[PDB]
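Only one chain is included here, represented as structure tokens and corresponding to the form deposited in one PDB entry.
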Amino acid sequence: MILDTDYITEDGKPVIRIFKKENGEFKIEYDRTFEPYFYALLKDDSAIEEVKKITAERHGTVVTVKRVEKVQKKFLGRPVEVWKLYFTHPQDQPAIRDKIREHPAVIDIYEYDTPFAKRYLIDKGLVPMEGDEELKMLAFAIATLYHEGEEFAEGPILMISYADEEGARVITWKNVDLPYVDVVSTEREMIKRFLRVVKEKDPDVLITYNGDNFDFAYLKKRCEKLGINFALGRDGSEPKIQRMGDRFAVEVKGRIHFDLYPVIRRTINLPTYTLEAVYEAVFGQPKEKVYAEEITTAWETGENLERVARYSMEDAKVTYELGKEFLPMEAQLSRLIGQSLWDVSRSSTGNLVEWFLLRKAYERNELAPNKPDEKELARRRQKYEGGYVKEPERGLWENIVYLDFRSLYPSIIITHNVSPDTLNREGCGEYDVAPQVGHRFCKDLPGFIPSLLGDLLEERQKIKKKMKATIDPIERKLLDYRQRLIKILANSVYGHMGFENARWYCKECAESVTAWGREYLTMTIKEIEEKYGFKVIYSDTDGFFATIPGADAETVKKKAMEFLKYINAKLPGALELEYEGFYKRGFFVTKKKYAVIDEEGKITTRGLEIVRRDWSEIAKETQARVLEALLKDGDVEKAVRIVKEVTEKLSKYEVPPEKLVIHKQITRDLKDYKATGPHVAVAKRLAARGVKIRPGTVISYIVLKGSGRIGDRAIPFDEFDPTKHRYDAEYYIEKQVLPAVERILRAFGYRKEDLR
């Protein structure tokens, strides 16, 4: 099973290393035969005689075109003659590419910026994370001495905890009487002992929580301050820090550094992404949090240290369990994209799509288009229409059926051969013309994107089929995650065509797809209304809710089945309407905001404040109980009493402030914020206090009784002292709970004043 790949430089030549695990043994395959290259397009063949002659310089050394080779590839679906230019070292390409492009005899160059090891993975047709081989994992966490105001990593590391299949252990340089703590003399000895533990256990995976942006950099600063070689890598190297956009990432050669934080943030949506909250969400059992002030006082005074040891041990244990749960799942992403687990765990969706498309293009000998330059990026700053959405018939309805298409946009792409290589293709005999926008697509030869999307949807349907017969529930989870991957990947492949910095960009294709979707959905609505007597309550982009005004549930279901058979006979290609749920009742507030109740009593809420993180828990809970009173038995009076009781509880300062916290995320650097909201104000005060604040952190604040501007009277919830603090009950009454319940209870004649 291929773990990863890189390359070293041996006597000026590239040597690919393939790190793998075969028969329970870690092996390193070496390859000195892979030659770096990129493609060039000339207007005349004989011009190559001069193309071989352009040289450049790297670090005093001269860089020359090693060898050239004429090759036939497929650009925009059409055969074309390109020149493969080979080089000695990959680092030659960034230094000579421009000099090649400046030449008048060349039109353009292609596939010049792809990294060497990943190009080796693609060209050799290798897929990592493949096989039944089980890896050994080791999770670890650290405890730090934090005073507010210091710089990063000034204080030493107090405890280093690790965990695996054998249990959890803490290492510390102060005496704690516990069966899982190992006491050493100094911090240096503790770090060295952790290194010895890693070297002896030799895990294939090192599991951390946000180790990409804290634990590893902290250990690096301390290791250099005390003169320790942080030789965690299986080849004796130390963690390599790399850029990951605005954040950082940490590699450990020969191993896989699995940082859970981006995986969890990208997989599950939570109000906060603390280790305690993530663990309680994934496993249901709570985890006690010990804050930095407690451990700082416990270290400086030497008391209550067993509590900090417990916190560190539990940290290591829960990160190990989360790694065990999430790693086999991300291995499926690694197999799907064809890149290393380390890469796919941290890479954005767009880069995942680009790697998948690059691998597919290599498989079909399709010359990959280049990323746009600045002027071309400027041209692509266009605007096209999106999906159709109607103003909902606001209010409460009964006996509702939701009908929606199966993978609307990919099915459109497949059915009409929507692809950049098929758009306005001269000379074909069968065309498909998009509504409104009028773009034509040839259907003689299947397009690149339609082919990939068809394979993907076929695989997803096979996975959903096997899920029904799946016995082993761990496998059920596996195939569920895999089909979710395929779904996200297909939707992102559609979105790729309308992305400015995308290689296979095609605004015409994307707007054609969305016009098709609008046409098909409005057609289905018109047909279900005019010919089956339905009334469409609400309709988003790929489906709608409908009902027979005044009819039995069975009648609505039967007529919906009829309409499905009819409209699916009328629908072409891969386009199919599906019955995806009957609901006893449903309250629709506005576009993207509704709630439905089915037959067994399960409430599905969409868009409402109950599902939003930036709303207070008291408001969410009040709206939830109100919606339950509405949807379970239609007890409007019960809901009005709920809101009156909750507002009286708020007025008398009787509600716990924990239910009063608003969580909002900062998305940019505080310098670049033009409008400063309450969370912005709290973040700016925190940064003024010398607290690390970066794009990604979540500010959790409470509004206090005070002077106007909410941001002036809002403080982080950790600084809330009930003795000297009183939350603004009027704020959370008149502007959190009441507005949340009013948009619902107005449909029964209640104004805000009938609720306080």
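The term rigid core refers to the most C-alpha atoms you can superpose between the two forms while keeping them within 1.5 Å. Position 1 is the first residue in the sequence shown; the rest follow in order.
In what follows, reference is made to the form deposited in another entry, a form of this protein that is not presented.
Colleague: Which of 118, 612, 84, 584 has its C-alpha displaced by 2 Å or more between this form and the one not shown after core superposition?
Modeller: Comparing the C-alpha positions, the one residue that moves 2 Å or more is 612.
Colleague: Rigid core fitted, then: does residue 297 show a CA shift of 2 angstroms or greater between this form and the one not shown?
Modeller: Shift at residue 297: 2 Å or more after core fit.
Colleague: Does the C-alpha of residue 425 move 2 Å or more between this form and the one not shown once the rigid core is lined up?
Modeller: After core superposition, the displacement of the residue 425 C-alpha between this form and the one not shown stays below 2 Å, so no.
Colleague: Tell me whether residue 74 is among the residues that move between this form and the one not shown (Cα shift of 2 angstroms or more, core superposed).
Modeller: Comparing the forms between this form and the one not shown, which are aligned on their rigid core, residue 74 does not shift its C-alpha by 2 Å or more.
Colleague: Given that the distance between the C-alpha atoms of residue 592 and residue 748 changes by 3 Å or more in that other deposited form, do they end up closer or farther than here?
Modeller: Residues converge in that other deposited form, at least 3 Å closer.
Colleague: So the C-alpha spacing of residue 748 and residue 540 changes by 3 Å or more in that other deposited form; is that change toward closer or farther than shown?
Modeller: It is closer: the C-alpha separation of residue 748 and residue 540 falls by at least 3 Å in that other deposited form.
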